[PDB]
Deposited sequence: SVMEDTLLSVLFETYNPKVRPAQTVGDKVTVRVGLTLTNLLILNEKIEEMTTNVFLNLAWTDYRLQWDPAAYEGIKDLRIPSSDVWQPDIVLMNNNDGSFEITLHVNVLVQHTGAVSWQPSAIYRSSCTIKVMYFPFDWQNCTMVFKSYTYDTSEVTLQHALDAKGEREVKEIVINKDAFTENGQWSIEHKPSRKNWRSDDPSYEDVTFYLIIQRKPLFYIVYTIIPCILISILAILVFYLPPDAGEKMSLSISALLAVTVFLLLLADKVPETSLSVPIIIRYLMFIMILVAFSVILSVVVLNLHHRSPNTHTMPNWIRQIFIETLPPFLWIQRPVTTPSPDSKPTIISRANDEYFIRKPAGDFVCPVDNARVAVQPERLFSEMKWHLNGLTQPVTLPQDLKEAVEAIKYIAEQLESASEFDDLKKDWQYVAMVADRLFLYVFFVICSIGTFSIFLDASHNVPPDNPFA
């Protein structure tokens, strides 16, 4: 309207947006800082940054933007482009890229009392230190640090934003149900807000917003853990195969190669920091080492099974342990022509008897192999079950604290 144009001409005749509004020298401007989260877009664990779609709710008072509504046809507030007025350089201090400032420069709302409110929108990428120990059953503590890049505590005073009825401070991130998209991989547990100082710097003050988010690990479960469980089952199975089948190496080596491939492909999704090893990688390494020991013991069993008296002599300790003691515990108990023809029959009988004795000794070796293989089966089943259950029970008891501590 014409009256609004007159009011704008009067207000900005000598207004300088470069000057912080201090009615008297030494006055501080009180700036209320709030945050509204519309969408938690990404938490990239590789580069350790969080991408968020936020509204930055800022409010302060500019004494130069005061007028009497009765003298201007009852105009009580104005929408003025944000570049025409002084604003505090409230920026995200811990951004990962070079973007300190907002993206969308919405109009400020100026009331006749001088109160200026500004709710610009931005797509922030802030550095988050990822704690990889319990990945993927982990919760993260990602912070957003807001402060004035220009002014210190001697010039501005950061405070908390007020609620709709401006009577109490909102010490938390505001989430609007009408405009908010759930991530689907992270659930927000806590979203407090706090003002932080530095004991070594009396001119420092910021408002930090904390996002305590917990990962939902179903994807990693389905695509990594159950296949490795099947692989470990095969690694246990290899000790039930008989050595005569000729497929012990095939099974054990295939299991080892499968678990190694799973480790390599999961190495893509895990963070590359070296402060700890994620629980998923530790489980994969445990399974890989177990399958390697399965391969080694399968080779040992195959070697035992294929020995013969012509090559080896059974020592006393092997016979004492594997023939007598273990099987009860493992339930695995087991006319010259006539003269020369007579001589030929003698020779045939002697050959048969010698072959029978040789075969009996070979059977003893094969029984030793069978008993050792059954013992390995029981031992590996116990170790695999206990280790897997212990690792996943440790991972299960990792929840964010009830108190955000901030």
{"item": "Stretches with no C-alpha atoms in the model, relative to the deposited sequence starting at 1", "value": "335-397"}
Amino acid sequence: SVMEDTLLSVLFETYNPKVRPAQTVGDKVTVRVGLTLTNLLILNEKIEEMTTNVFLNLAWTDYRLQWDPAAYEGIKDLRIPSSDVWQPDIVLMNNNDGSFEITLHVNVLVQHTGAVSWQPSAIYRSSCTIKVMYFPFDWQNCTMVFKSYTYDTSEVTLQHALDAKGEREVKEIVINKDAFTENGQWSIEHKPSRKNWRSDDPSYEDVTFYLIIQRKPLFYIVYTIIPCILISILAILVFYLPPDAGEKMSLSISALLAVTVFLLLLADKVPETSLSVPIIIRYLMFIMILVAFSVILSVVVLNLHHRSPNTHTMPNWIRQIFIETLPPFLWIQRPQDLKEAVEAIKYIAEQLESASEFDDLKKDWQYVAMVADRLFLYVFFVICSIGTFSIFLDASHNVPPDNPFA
From here on, numbers count along this sequence of modelled residues.
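Under this definition, the rigid core comprises the largest set of C-alpha atoms superposing within 1.5 Å between the forms.
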query	finding
262-270 against 133-141 - segment lying farther from this form in 8 other deposited structures of this protein (CA RMS, rigid core fit)	262-270
Coordinates lacking for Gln336, a third or more of other entries	yes
